Amino acid sequence: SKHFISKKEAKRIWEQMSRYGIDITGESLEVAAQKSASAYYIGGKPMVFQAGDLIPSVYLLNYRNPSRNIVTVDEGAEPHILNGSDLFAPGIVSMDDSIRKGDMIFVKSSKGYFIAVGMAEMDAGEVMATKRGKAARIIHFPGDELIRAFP
Ligand SMILES: [Zn+2]
């Protein structure tokens with residue numbers, strides 16, 4: 001049910017990920033479907049999900065770190081973010097100050113590794129000045145539906 005895609009098809013995905021500084025240029029990809037979403041694999045692991053928008057998997061985030069839209073959360077937030085909980089401002093340690101409501105964000109533990117992908121619900125300015133409110137909704141996390149669907 002998987003198929004390696006052409007060089008030109010892969011290039012499109014590389015370019016999409018390069019938008020966030022995630023560098024996979026030159027990596028060959030296999031694609032698979034569920035018609036509710038598709039996944040692009042690198043070496044047997046799902047790396048990019050097509051579920052509305054193209055979403056990097058937490059595996060890709062840890063294999064090739066993004067260079068923008070990063071949000072670091074504290075120890076207390078991590079376990080719930082790992083379960084798909086929304087992200088609240090009080091648990092944010094730092095973040096890219098260029099983040100605006102609507103941007104895709106990449107959530108990382110204070111220990112360095114990435115734990116989820118989110119969609120910002122607030123601008124970085126308001127989050128860091130108030131430290132209150134829902135900063136983002138999580139759209140991908142370990143063991144979620146995307147990962148269960150694309151072993
Ligand atoms: Zn929880």
# chains A, B, ... in the order shown; residues from 1 in each chain; ligands from 1
$ residues_around --residues "residue 14 in chain A" --least-positions-apart "4" --cutoff "10 Å" --atoms "only C-alpha atoms" --output "PDB file with N, CA, C and O atoms, in the first residue's frame"
ATOM      1  N   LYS A   8      10.283  14.414  -8.731  1.00  0.00           N
ATOM      2  CA  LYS A   8       9.517  15.655  -8.794  1.00  0.00           C
ATOM      3  C   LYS A   8       8.420  15.724  -7.741  1.00  0.00           C
ATOM      4  O   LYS A   8       8.133  16.794  -7.209  1.00  0.00           O
ATOM      5  N   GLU A   9       7.804  14.590  -7.433  1.00  0.00           N
ATOM      6  CA  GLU A   9       6.761  14.568  -6.419  1.00  0.00           C
ATOM      7  C   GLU A   9       7.400  14.852  -5.056  1.00  0.00           C
ATOM      8  O   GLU A   9       6.890  15.651  -4.282  1.00  0.00           O
ATOM      9  N   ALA A  10       8.524  14.198  -4.777  1.00  0.00           N
ATOM     10  CA  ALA A  10       9.227  14.383  -3.515  1.00  0.00           C
ATOM     11  C   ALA A  10       9.617  15.842  -3.331  1.00  0.00           C
ATOM     12  O   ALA A  10       9.423  16.419  -2.264  1.00  0.00           O
ATOM     13  N   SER A  18      10.610  22.829   3.823  1.00  0.00           N
ATOM     14  CA  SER A  18      11.671  23.836   3.874  1.00  0.00           C
ATOM     15  C   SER A  18      11.101  25.189   4.316  1.00  0.00           C
ATOM     16  O   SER A  18      11.827  26.069   4.766  1.00  0.00           O
ATOM     17  N   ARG A  19       9.791  25.352   4.190  1.00  0.00           N
ATOM     18  CA  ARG A  19       9.150  26.591   4.609  1.00  0.00           C
ATOM     19  C   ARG A  19       9.352  26.811   6.099  1.00  0.00           C
ATOM     20  O   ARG A  19       9.344  27.943   6.576  1.00  0.00           O
ATOM     21  N   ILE A  22      12.703  22.853   7.877  1.00  0.00           N
ATOM     22  CA  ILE A  22      12.869  21.408   8.061  1.00  0.00           C
ATOM     23  C   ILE A  22      13.482  20.931   6.745  1.00  0.00           C
ATOM     24  O   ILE A  22      12.828  20.928   5.698  1.00  0.00           O
ATOM     25  N   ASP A  23      14.746  20.538   6.803  1.00  0.00           N
ATOM     26  CA  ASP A  23      15.489  20.128   5.615  1.00  0.00           C
ATOM     27  C   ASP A  23      15.537  18.638   5.294  1.00  0.00           C
ATOM     28  O   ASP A  23      16.284  17.889   5.922  1.00  0.00           O
ATOM     29  N   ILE A  24      14.751  18.213   4.304  1.00  0.00           N
ATOM     30  CA  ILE A  24      14.750  16.814   3.873  1.00  0.00           C
ATOM     31  C   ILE A  24      15.028  16.746   2.376  1.00  0.00           C
ATOM     32  O   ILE A  24      14.715  15.760   1.720  1.00  0.00           O
ATOM     33  N   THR A  25      15.610  17.807   1.838  1.00  0.00           N
ATOM     34  CA  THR A  25      15.930  17.854   0.416  1.00  0.00           C
ATOM     35  C   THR A  25      16.755  16.631   0.044  1.00  0.00           C
ATOM     36  O   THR A  25      17.711  16.294   0.735  1.00  0.00           O
ATOM     37  N   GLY A  26      16.368  15.956  -1.035  1.00  0.00           N
ATOM     38  CA  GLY A  26      17.100  14.777  -1.466  1.00  0.00           C
ATOM     39  C   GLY A  26      16.633  13.454  -0.880  1.00  0.00           C
ATOM     40  O   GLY A  26      17.038  12.395  -1.355  1.00  0.00           O
ATOM     41  N   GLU A  27      15.793  13.494   0.148  1.00  0.00           N
ATOM     42  CA  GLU A  27      15.298  12.260   0.759  1.00  0.00           C
ATOM     43  C   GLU A  27      14.192  11.642  -0.103  1.00  0.00           C
ATOM     44  O   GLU A  27      13.255  12.331  -0.509  1.00  0.00           O
ATOM     45  N   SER A  28      14.297  10.351  -0.399  1.00  0.00           N
ATOM     46  CA  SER A  28      13.262   9.711  -1.198  1.00  0.00           C
ATOM     47  C   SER A  28      12.118   9.378  -0.259  1.00  0.00           C
ATOM     48  O   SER A  28      12.339   9.039   0.900  1.00  0.00           O
ATOM     49  N   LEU A  29      10.895   9.470  -0.767  1.00  0.00           N
ATOM     50  CA  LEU A  29       9.712   9.238   0.049  1.00  0.00           C
ATOM     51  C   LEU A  29       8.742   8.171  -0.456  1.00  0.00           C
ATOM     52  O   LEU A  29       8.596   7.969  -1.660  1.00  0.00           O
ATOM     53  N   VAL A  48       5.712  13.044   7.065  1.00  0.00           N
ATOM     54  CA  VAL A  48       4.836  14.166   6.750  1.00  0.00           C
ATOM     55  C   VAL A  48       3.419  13.656   6.535  1.00  0.00           C
ATOM     56  O   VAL A  48       3.206  12.706   5.787  1.00  0.00           O
TER      57      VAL A  48
END
$ select_by_dssp --residues "range 26-124 of chain A" --states "alpha helix (DSSP H)" --output "list in words"
residues 58, 59, 60, 61, 62, 63, 78, 79, 80, 81 and 124 of chain A
$ write_last_selection --atoms "N, CA, C and O atoms" --output "CSV table (one decimal), in the first residue's frame"
chain,number,residue,atom,x,y,z
A,58,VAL,N,6.1,14.1,14.5
A,58,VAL,CA,7.0,14.4,15.6
A,58,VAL,C,8.3,13.7,15.3
A,58,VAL,O,9.3,14.1,15.8
A,59,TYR,N,8.3,12.6,14.5
A,59,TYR,CA,9.5,11.9,14.2
A,59,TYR,C,10.4,12.8,13.3
A,59,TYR,O,11.6,12.9,13.5
A,60,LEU,N,9.7,13.5,12.3
A,60,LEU,CA,10.5,14.3,11.4
A,60,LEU,C,11.0,15.5,12.2
A,60,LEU,O,12.1,16.0,12.0
A,61,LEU,N,10.2,16.1,13.1
A,61,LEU,CA,10.6,17.2,13.9
A,61,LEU,C,11.9,16.9,14.7
A,61,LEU,O,12.8,17.8,14.9
A,62,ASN,N,12.0,15.7,15.1
A,62,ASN,CA,13.2,15.3,15.9
A,62,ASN,C,14.4,14.8,15.0
A,62,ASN,O,15.5,14.7,15.5
A,63,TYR,N,14.1,14.5,13.8
A,63,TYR,CA,15.1,14.0,12.8
A,63,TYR,C,15.7,15.2,12.1
A,63,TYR,O,16.9,15.3,11.9
A,78,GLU,N,4.3,19.3,29.4
A,78,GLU,CA,4.7,18.2,28.5
A,78,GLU,C,3.8,16.9,28.5
A,78,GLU,O,3.4,16.5,27.5
A,79,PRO,N,3.6,16.3,29.7
A,79,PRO,CA,2.7,15.1,29.7
A,79,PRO,C,1.3,15.3,29.1
A,79,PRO,O,0.8,14.4,28.4
A,80,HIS,N,0.7,16.4,29.3
A,80,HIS,CA,-0.6,16.6,28.7
A,80,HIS,C,-0.5,17.0,27.2
A,80,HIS,O,-1.4,16.6,26.4
A,81,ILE,N,0.5,17.7,26.8
A,81,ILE,CA,0.7,18.0,25.4
A,81,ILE,C,0.9,16.7,24.7
A,81,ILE,O,0.4,16.5,23.6
A,124,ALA,N,2.7,35.8,19.5
A,124,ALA,CA,3.7,35.7,20.4
A,124,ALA,C,3.8,36.9,21.4
A,124,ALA,O,4.1,36.7,22.6
$ closest_residue --among "A:84, A:21, A:44, A:91" --to "ligand 1" --atoms "only C-alpha atoms and all ligand atoms"
A:84
$ atom_distance --atom1 "CA of residue 125 in chain A" --atom2 "CA of residue 57 in chain A"
26.9 Å
$ closest_residue --among "A:106, A:5, A:68, A:120" --to "residue 41 in chain A" --atoms "only C-alpha atoms"
A:5
$ closest_residue --among "A:50, A:65, A:6, A:94" --to "residue 140 in chain A" --atoms "only C-alpha atoms"
A:50
$ closest_residue --among "A:51, A:141, A:3, A:101" --to "ligand 1" --atoms "only C-alpha atoms and all ligand atoms"
A:141
$ residues_around --residues "residue 32 in chain A" --least-positions-apart "6" --cutoff "7 Å" --atoms "only C-alpha atoms" --output "PDB file with C-alpha atoms, in the first residue's frame"
ATOM      1  CA  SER A   1       0.000   0.000   0.000  1.00  0.00           C
ATOM      2  CA  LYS A   2       3.136   2.167  -0.009  1.00  0.00           C
ATOM      3  CA  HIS A   3       4.888   3.524  -3.104  1.00  0.00           C
ATOM      4  CA  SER A  38      -1.893  10.420   3.365  1.00  0.00           C
ATOM      5  CA  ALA A  39       1.559   9.962   4.855  1.00  0.00           C
ATOM      6  CA  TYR A  40       5.055  10.291   3.449  1.00  0.00           C
TER       7      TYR A  40
END
$ closest_residue --among "A:87, A:93, A:136, A:104" --to "ligand 1" --atoms "only C-alpha atoms and all ligand atoms"
A:87
$ closest_residue --among "A:90, A:56, A:46, A:76" --to "ligand 1" --atoms "only C-alpha atoms and all ligand atoms"
A:76
$ select_by_dssp --residues "range 52-151 of chain A" --states "strand (DSSP E or B)" --output "VMD selection string"
chain A and resid 53 to 56 70 to 73 87 to 88 92 to 95 104 to 109 114 to 120 134 to 140
$ atom_distance --atom1 "CA of residue 33 in chain A" --atom2 "CA of residue 118 in chain A"
22.4 Å
$ atom_distance --atom1 "CA of residue 114 in chain A" --atom2 "CA of residue 49 in chain A"
16.2 Å
